[PDB]
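A, B, ... follow the sequence lines: proteins, then strands. Residue 1 opens every chain.
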Amino acid sequence: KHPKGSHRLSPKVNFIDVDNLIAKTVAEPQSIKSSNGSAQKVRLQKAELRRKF
Amino acid sequence: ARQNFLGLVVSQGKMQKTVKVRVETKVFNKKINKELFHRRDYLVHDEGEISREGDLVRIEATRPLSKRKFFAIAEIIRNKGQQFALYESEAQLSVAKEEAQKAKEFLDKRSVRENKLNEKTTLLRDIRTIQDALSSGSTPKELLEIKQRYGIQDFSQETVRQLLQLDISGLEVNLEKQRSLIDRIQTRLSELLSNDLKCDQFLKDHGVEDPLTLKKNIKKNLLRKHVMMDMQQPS
RNA sequence: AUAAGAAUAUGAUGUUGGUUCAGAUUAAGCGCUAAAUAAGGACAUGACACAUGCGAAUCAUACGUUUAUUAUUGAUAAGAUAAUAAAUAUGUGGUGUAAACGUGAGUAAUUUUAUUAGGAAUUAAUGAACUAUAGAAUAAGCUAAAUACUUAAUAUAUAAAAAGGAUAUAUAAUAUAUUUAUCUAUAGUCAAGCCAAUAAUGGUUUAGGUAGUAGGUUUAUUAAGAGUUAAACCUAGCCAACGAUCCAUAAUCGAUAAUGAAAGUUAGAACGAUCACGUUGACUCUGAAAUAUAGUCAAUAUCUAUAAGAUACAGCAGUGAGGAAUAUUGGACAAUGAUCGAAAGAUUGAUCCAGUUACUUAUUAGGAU
RNA sequence: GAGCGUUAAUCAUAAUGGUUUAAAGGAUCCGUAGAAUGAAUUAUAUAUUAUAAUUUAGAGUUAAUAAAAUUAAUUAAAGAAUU
RNA sequence: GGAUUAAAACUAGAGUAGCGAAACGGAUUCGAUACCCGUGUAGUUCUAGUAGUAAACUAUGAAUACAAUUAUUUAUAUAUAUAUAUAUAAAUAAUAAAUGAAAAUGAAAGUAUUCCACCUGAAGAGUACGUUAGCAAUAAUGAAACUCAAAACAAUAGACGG
RNA sequence: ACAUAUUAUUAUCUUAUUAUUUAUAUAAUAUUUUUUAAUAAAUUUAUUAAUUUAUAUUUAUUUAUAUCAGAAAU
Ligand SMILES: [K+]
Ligand SMILES: [K+]
Ligand SMILES: [K+]
Ligand SMILES: [K+]
Ligand SMILES: [K+]
Ligand SMILES: [K+]
Ligand SMILES: [K+]
Ligand SMILES: [K+]
Ligand SMILES: [K+]
Ligand SMILES: [K+]
Ligand SMILES: [K+]
Ligand SMILES: [K+]
Ligand SMILES: [K+]
Ligand SMILES: [K+]
Ligand SMILES: [K+]
Ligand SMILES: [K+]
Ligand SMILES: [Mg+2]
Ligand SMILES: [Mg+2]
Ligand SMILES: [Mg+2]
Ligand SMILES: [Mg+2]
Ligand SMILES: [Mg+2]
Ligand SMILES: [Mg+2]
Ligand SMILES: [Mg+2]
Ligand SMILES: [Mg+2]
Ligand SMILES: [Mg+2]
Ligand SMILES: [Mg+2]
Ligand SMILES: [Mg+2]
Ligand SMILES: [Mg+2]
Ligand SMILES: [Mg+2]
Ligand SMILES: [Mg+2]
Ligand SMILES: [Mg+2]
Ligand SMILES: [Mg+2]
Ligand SMILES: [Mg+2]
Ligand SMILES: [Mg+2]
Ligand SMILES: [Mg+2]
Ligand SMILES: [Mg+2]
Ligand SMILES: [Mg+2]
Ligand SMILES: [Mg+2]
Ligand SMILES: [Mg+2]
Ligand SMILES: [Mg+2]
Ligand SMILES: [Mg+2]
Ligand SMILES: [Mg+2]
Ligand SMILES: [Mg+2]
Ligand SMILES: [Mg+2]
Ligand SMILES: [Mg+2]
Ligand SMILES: [Mg+2]
Ligand SMILES: [Mg+2]
Ligand SMILES: [Mg+2]
Ligand SMILES: [Mg+2]
Ligand SMILES: [Mg+2]
Ligand SMILES: [Mg+2]
Ligand SMILES: [Mg+2]
Ligand SMILES: [Mg+2]
Ligand SMILES: [Mg+2]
Ligand SMILES: [Mg+2]
Ligand SMILES: [Mg+2]
Ligand SMILES: [Mg+2]
C-alpha cells in the first residue's frame with residue numbers, strides 16, 4: 001500500500017507537439033486585415049518577422 | 001525518478017504506521033583516502049504495517065507525511081523480520097507438546113522402577129530357580145509366576161540365555177557387517193579398475209551403453225555407483 | 001608531472017625535540033623617501049551620532065482651471081459658443097520607487113549557503129508585462145468633471161471585465177477612418193511557492209535533551225504537502241559519546257584573491273552569485289509575491305509647525321566620534337542603462353568621467369665616446 | 001629600487017611519524033557498538049560487493065585414550081619457634 | 001561498558017603473641033625534630049564492607065601469516081639388535097639475517113596484515129576551577145596565562161668514588 | 001559576597017495596537033418595510049423629516065483568546 005493521500009505513480013511526462021506549440025503560440029492572422037495605417041503596417045511587419053523567427 | 005534506498009528495518013511497533021530504516025551509502029573520505037559507508041536512520045511510513053524488525057526493504061521518497069517522515073516502504077526484499085515472528089509463535093506450541101510427552105515418559109519410567117522395587121524377586125535368584133527346576137524337575141508355582149514376571153513360558157537352557165542377552169552383543173555383529181560392506185566395496189572397485197577389460201564388461205553387464213567411451217571420473221563414478229548398488233541393494 | 005633546506009644541543013658524537021631563519025603575499029599601518037603616465041583599489045573599527053545640498057520623478061493627448069485673438073450671439077457688453085495660440089502638475093487622476101544602491105547587525109540552519117541530469121501535493125480561474133492570435137469595450141450613480149471611485153449588464157461549475165483621449169472626414173450630438181489607450185481568453189517568454197538527499201566553526205570542564213515534544217486520525221487555514229499555525233481525540237514516542245541539548249563565534253560561496261610540487265590552508269576587500277538588513281519590535285493593508293526603507297502602535301534620539309507632527313545618510317558628497325588606518329560638500333547626462341510620456345522630451349549622486357591617496361600593477365625616468 | 005625598511009598578518013618550510021631505554025601501551029581481562037577487519041570452491045548479478053549452493057584449513061562441541069595435582073573458594077588439620 | 005585488582009587508608013564487630021608509623025624516653029652530634037637503643041599507640045590478623053590506586057614493569061596492547069642456525073630441557077609419537085635411536089611441537093639460552101639514535105631486540109624491538117590505547121618542546125601540571133564517585137583519605141576527568149631556547153635519550157673519552 | 005550592564009524565559013502583573021470571537025444599541029447609512037406630518041407638483045404622485053419593518057455595510061461599547069513593550073521573579 002502506498003501512503004494515503006499520495007499518488008502511487010509518478011506524474012506523466014508532458015511531451016510537446018511542435019506543430020501544436022506553433023499553432024497556439026504564433027498563430028497566423030485569421031483574416032488579411034486592411035493595414036492602410038502607417039502604424040498598422042509597421043505592426044504587421046513586426047508580427048510577421050517575429051512569427052517567422 | 002523518485003529517490004529509492006535499500007535498508008534494514010531497525011525499529012517497528014513503536015509508532016503507528018512508522019518504522020525506522022537504516023540506510024547505508026558509499027562515500028569517499030578525502031582525509032583518509034578511503035571509500036567509506038555512511039549510515040543514517042530514516043523514519044519511514046508503513047501504510048500496511050507489514051514490515052518487521054530485521055526485514056530488508058526498499059524505501060521510496062514521498063510527499064511530506066509528517067515533520068520527519070518523507071519516505072515510505074515500497075517493497076520487502078527479504079522478510080527475515082517477519083519470519084522471526086512466525087517461528088517464535090510456533091516454537092512455544094511445538095516445545096510445549098514435546099515437553100508434555102517427555103514429562104509423561106519420565107513418570108512412566110519412575111513407576112516401572114518403583115514397581116520393580118516392590119518385587120523382592122531378583123534376576124539372579126529367578127535364574128537360579130529356572131536352572132535348578134530345569135535340572136531337578138520340580139515345578140513350584142513360583143516358576144509359573146516367573147513365567148509371568150519374565151514372560152518365559154518354557155523353561156529350558158536356551159531361555160535363560162535369551163533372558164540375559166546384552167545389547168553389546170548385537171552391536172558387535174552390526175559392526176562386523178558394516179566393516180564387511182566397506183571392505184567389499186573397496187576391493188571390488190579396486191580390482192575392477194585394475195582390469196580395464198573386466199571394467200568395460202562390468203559396466204555393460206549392469207546396463208551401461210558403450211561404457212568404453214567414457215572418462216576416468218565420468219566412469220569411475222559409474223563403477224562406484226554400481227559396486228555400491230551390487231553390495232547394498234542385494235543386501 | 002615540477003616536493004632542496006639553514007642556525008641553535010653537547011667537552012665532542014649520534015639521536016629526540018622545540019625555537020628561529022631563507023621564499024611568496026596583504027583590504028595593510030608606520031618610519032625615511034619620492035619623477036611622469038596608464039590601469040586597478042580606497043572606514044576592515046562605532047548596524048556610532050549626524051549640520052548642509054543633492055540621490056524620484058513624469059504625464060497638459062485622463063479630468064478640471066486660466067488667458068489672448070477671431071467669428072457668431074448678446075441693441076452695449078456682463079457673459080455664452082466654436083476655432084486658433086498659449087498658460088496651469090498649490091485641484092481630481094495615471095504610471096514609477098518588492099528594483100537599484102548601501103551595509104554585514106542578525107543568522108550554526110522547522111529557516112541560510114552549496115550541490116543534484118532529485119521530487120510532489122501529482123502547485124490558483126495569479127500576469128507582474130512584453131510577444132502571437134481572437135473577441136469585447138454596456139447602463140446608472142457619485143465628484144466640479146474624468147481613463148477617479150461605487151453599483152449593475154453581458155463575456156472560456158460556471159465564475160470573473162473594461163475607458164476613453166488625440167486628429168481628420170461626413171453628418172446632426174452621431175458616424176466612420178487614422179492614432180494611442182482599456183478589458184477578457186489561449187499559448188509563449190520572464191518569473192514564483194513547497195519538499196527530499198548531502199555538506200557547512202569551537203567547547204561535553206554543556207550529558208542528558210524533548211512535552212507539539214515523536215507518530216496516528218479529523219477539521220480550519222493556503223494555489224499547495226506537513227504539529228506549519230489554530231482546535232479536538234488517540235499512541236509513547238523522538239534526539240543523543242560518529243556529540244544531543246546548550247553556550248560562544250561568524251553573513252555564505254565561486255570558473256575570485258593569496259600560497260604550495262600537490263592534497264590542501266587562508267581570505268571573503270576588489271569582480272560575480274546568494275542571503276539578511278535600511279535606528280529598534282510587533283502587527284496590518286495592497287499585491288502573484290512584503291511582517292515592505294509603506295502604514296499602524298510602541299521604543300530611542302533629534303527637530304519645529306506643538307500637531308493622535310516631522311526626521312533617523314547602512315543612496316552621493318560631507319562633518320563629529322572611534323581608530324594605526326581608508327578620498328571631492330567635483331563634472332556630465334556625451335556613452336550604457338532605468339522611470340515617465342503618443343511624441344517632442346523631462347528626470348537619473350544609477351552610471352560615466354575627473355579630483356584626493358605610491359594602497360597595488362605596469363611603462364618610462366639617455367645613449368655612444 | 002620609486003621605493004626601501006619595519007610592525008601586524010596569511011601560505012609554504014617533515015609525519016613518504018612515533019610510544020623498552022628520549023613526550024607516548026590503558027593494572028588486567030571480559031565483552032557491546034564499530035557507519036572496523038576477517039576462510040575455501042562454483043554459479044549468477046546490477047560485481048572486491050551481494051545472493052545462493054557447496055567445502056573444511058580459522059573458531060568451537062562431545063567423546064575416547066593418555067597425562068597432570070596446579071589455580072580459585074570453602075572446611076578440616078599439622079609444625080618449628082616466640083611471648 | 002563490566003569485572004577483578006598489592007601495600008597503605010577508612011567504616012563496623014572480634015583478636016592482639018611478635019613486629020611496628022606516632023608519642024614519650026636513652027644515646028650519637030657543634031646541633032640530631034634522624035640513622036642506633038628502650039617503652040611501644042594506630043596498623044599488621046579474622047569477619048562484613050568502602051575505595052580502585054603502585055617502578056600495578058618485560059618501563060615492551062592483542063591477534064594472524066612468515067624467515068637462517070645451534071645448544072639444553074619438556075612433551076607426544078615411533079621403532080627396535082633394549083635401552084638408546086628417529087620424528088614432530090613447546091620452553092629457555094646464544095646467534096645469522098633484518099631492524100635500530102644507539103644500548104640492543106631476535107622469533108620480535110624482524111618481514112607483513114587487522115583492531116584498540118596513547119604522544120606532539122621545557123616548565124607551569126597531573127596543578128587550578130568545575131563535574132562525577134566515595135563515610136573519609138581521595139579517585140577519575142583535566143586546562144590556560146605568564147616565562148624561556150631550551151629540554152631529553154644512547155653512546156664516547158676523561159675526572160672522581162668513605 | 002557583590003554593585004552593574006545585556007539577553008532570555010514565565011502557571012505572574014500591566015499593556016499600545018491588531019486579529020479573532022461575544023453581547024448591546026431606541027447607533028449611522030443604503031434598500032425594503034408600517035404608518036405619520038410638512039412641502040411641492042398635478043388636478044393621486046414626488047420630495048424631505050420622523051416612525052415601523054427586515055436585510056446588508058459600518059460605528060460605539062462590551063466578553064474571551066493571542067500579541068509590541070514594561071514590571072516582578074529566575
Ligand atoms: K501526518
Ligand atoms: K646556544
Ligand atoms: K633542529
Ligand atoms: K610595507
Ligand atoms: K497620455
Ligand atoms: K559606501
Ligand atoms: K553579518
Ligand atoms: K479610438
Ligand atoms: K555539542
Ligand atoms: K569598503
Ligand atoms: K543618460
Ligand atoms: K624506541
Ligand atoms: K572499554
Ligand atoms: K597488636
Ligand atoms: K619488574
Ligand atoms: K588494547
Ligand atoms: Mg621568514
Ligand atoms: Mg584612479
Ligand atoms: Mg564598515
Ligand atoms: Mg487639458
Ligand atoms: Mg496633482
Ligand atoms: Mg530591496
Ligand atoms: Mg463605456
Ligand atoms: Mg460617467
Ligand atoms: Mg477605473
Ligand atoms: Mg463592477
Ligand atoms: Mg574548568
Ligand atoms: Mg494536518
Ligand atoms: Mg514544531
Ligand atoms: Mg493541538
Ligand atoms: Mg556579526
Ligand atoms: Mg573557504
Ligand atoms: Mg569563513
Ligand atoms: Mg565595498
Ligand atoms: Mg526589511
Ligand atoms: Mg526592522
Ligand atoms: Mg516600516
Ligand atoms: Mg543611520
Ligand atoms: Mg555617506
Ligand atoms: Mg582619532
Ligand atoms: Mg549631479
Ligand atoms: Mg613600480
Ligand atoms: Mg606536508
Ligand atoms: Mg607498538
Ligand atoms: Mg601492560
Ligand atoms: Mg603507564
Ligand atoms: Mg580444530
Ligand atoms: Mg577496626
Ligand atoms: Mg623505635
Ligand atoms: Mg570493590
Ligand atoms: Mg594518587
Ligand atoms: Mg597509573
Ligand atoms: Mg608486581
Ligand atoms: Mg583470545
Ligand atoms: Mg587528582
Ligand atoms: Mg644516559
Ligand atoms: Mg514579548
- Query: What pucker, north or south, follows for E:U70 from the sign of the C1'-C2'-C3'-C4' torsion?
  - Reply: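 E:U70 falls in the north pucker range.
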- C1'-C2'-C3'-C4' based pucker assignment for C:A244: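 On the sign test, where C1'-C2'-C3'-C4' is positive, C:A244 is classed north.
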Counting only side-chain N and O atoms of [X], is one of them less than 4.0 Å from OP1 or OP2 of [N]?
X       : N      : answer
A:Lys4  : C:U217 : yes
B:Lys17 : C:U217 : yes
A:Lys41 : C:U178 : no
A:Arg43 : C:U180 : yes
B:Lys20 : C:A214 : no
A:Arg8  : C:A121 : no
A:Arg50 : C:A132 : yes

Where does [N] land, syn or anti, given syn is within 90° of 0?
N      : answer
C:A241 : syn
E:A87  : anti
C:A255 : syn
C:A148 : anti
C:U326 : syn

- Query: Between B:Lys17 and B:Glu47, is there a salt bridge with N-O shorter than 4.0 Å?
  - Reply: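 Salt bridge flag = yes for B:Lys17 with B:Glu47.
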- Task: May I ask you to say whether B:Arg22 pairs ionically with B:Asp41, meaning some side-chain N is under 4.0 Å from a carboxylate O?
- Result: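 Salt bridge present between B:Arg22 and B:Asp41.
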- Item | Whole angstrom value for the distance that separates P of D:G34 from CD1 of B:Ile32 |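 Atom CD1 in B:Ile32 sits about 17 Å away from atom P in D:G34.
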- Query: In terms of side-chain heavy atoms, does B:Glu119 have a donor or acceptor partner in B:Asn115 at a distance below 3.5 Å?
  - Reply: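 Distance-only check fails for B:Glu119 and B:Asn115.
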Given that both distances must come in under 3.5 Å, which nucleotide forms a Watson-Crick or G-U wobble pair with [N]?
N      : value
E:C36  : E:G26
E:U72  : E:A91
C:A161 : none
E:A139 : E:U132
C:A75  : none

- Query: Nearest of C:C238, C:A121, D:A36 to any side-chain atom of B:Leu43?
  - Reply: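 Looking only at side-chain atoms, B:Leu43 lies closest to C:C238.
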- Task: Indicate the ring-plane relationship of B:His206 and B:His226, choosing parallel, tilted or perpendicular according to the 30° and 60° boundaries.
- Result: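 If you compare the ring of B:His206 with that of B:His226, the planes turn out parallel.
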- Task: Verify whether the stacking test passes for C:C333 and C:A334, with limits of 5.5 Å on the ring-centre separation and 30° on the angle between planes.
- Result: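 As far as the 5.5 Å and 30° test goes, C:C333 does not stack onto C:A334.
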- B/S/- contact track for nucleotides 182-203 of chain C, protein heavy atom under 4.0 Å: -----BS------SBSS-----
Spacing of [atom1] belonging to [X] relative to [atom2] belonging to [Y], to within rounding of 0.5 Å:
X        : Y        : atom1 : atom2 : answer
B:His38  : B:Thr25  : NE2   : OG1   : 7.0 Å
B:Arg52  : B:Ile76  : CZ    : CD1   : 9.5 Å
B:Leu223 : B:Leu203 : CG    : CG    : 4.5 Å

Under a 3.5 Å limit on both key distances, is there a Watson-Crick or G-U wobble pair between [N] and [M]?
N      : M      : value
C:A6   : C:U110 : no
C:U176 : C:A9   : no
D:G58  : D:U62  : no

- Do we get B:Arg39 above B:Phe37's six-membered ring, with its NZ or CZ under 6.0 Å from the centre and within 45° of the axis?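 Ring-cation test returns no.
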- Query: Mapping B:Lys26 and B:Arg39 onto RNA chain D by nearest heavy atom, which one lands closer to the 5' end?
  - Reply: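 The residue mapped nearer the 5' terminus is B:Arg39.
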Sort me out a list of protein N/O and nucleotides 44-48 of chain D N/O pairs below 3.5 Å, or just none if empty.
none

